Amino acid sequence: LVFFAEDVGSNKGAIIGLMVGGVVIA
Amino acid sequence: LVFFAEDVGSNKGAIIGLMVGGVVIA
Amino acid sequence: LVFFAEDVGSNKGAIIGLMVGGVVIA
Amino acid sequence: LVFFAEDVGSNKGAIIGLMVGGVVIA
Amino acid sequence: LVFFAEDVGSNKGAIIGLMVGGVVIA
């Protein structure tokens, strides 16, 4: 499993909700 | 299980929400 | 396994929520 | 088996919340 | 099973909340 979450935001501001879900159950 | 995400945005602002569903149930 | 998460924000500001959920239950 | 969570915040300011949960149950 | 979590902040801090939770159970 190779997760790759790249966010390139040039001048975010306002309301920006960054949610990273990384749960594992084995 | 490759999950490549390359979001490229210039001047986001406003109302934005990022969600990365990375749940593994084994 | 691998879980990359990069957030490139050029001049964030405002309201920014970062939720990194990294739980490994084995 | 790696967990990368980097946030390149250039000139944040304002309201910026950060919540990273690093759980490793084995 | 490494964790590379970091938040680069170049200028501008204002109200910021850096909440990290490390739970290494082996």
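Letters A, B, C, D and E mark the chains as written, and numbering starts fresh at 1 in each.
Note that in this section a contact is a pair of C-beta atoms (placed from the backbone, for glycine too) under 8 Å apart; a residue touches a chain by one contact, two chains touch by 3 or more.
Visitor: For the pairs C-D and B-C, output the one whose chains share more C-beta pairs in contact.
Guide: Between C-D and B-C, the larger count of C-beta pairs in contact belongs to C-D.
Visitor: Which of A-C, C-E or B-C has the same interface as D-E, meaning more than half of the contact pairs match by residue number?
Guide: When the residue numbers line up for over half the pairs, the pair is A-C.
Visitor: Rounded to a whole Å, what is the gap between the Cα centroids of subunit C and subunit E?
Guide: Here subunit C and subunit E have centroids separated by 9 Å.
Visitor: Could you tell me the distance, in whole angstrom, between the mean C-alpha positions of subunit A and subunit E?
Guide: Their C-alpha centroids are separated by 14 Å.
Visitor: Which subunit C residues sit where two or more other chains touch them?
Guide: Residues 1-26 of subunit C each touch two or more of the other chains.
Visitor: State the interface residues of subunit C toward subunit A in the complex, per the touch definition above.
Guide: Residues of subunit C touching subunit A: 1-26.
Visitor: For a test of understanding, state which residues of subunit B touch subunit C in their complex under the given definition.
Guide: 1, 13, 20, 22
Visitor: Residues of subunit C touching subunit E in their complex?
Guide: 11-13, 18, 20, 22-24
Visitor: So in the complex, the part of subunit E that touches subunit C is made up of which residues?
Guide: Spelled out, the residues of subunit E in touch with subunit C are 1, 3, 5, 7, 12, 14, 23.
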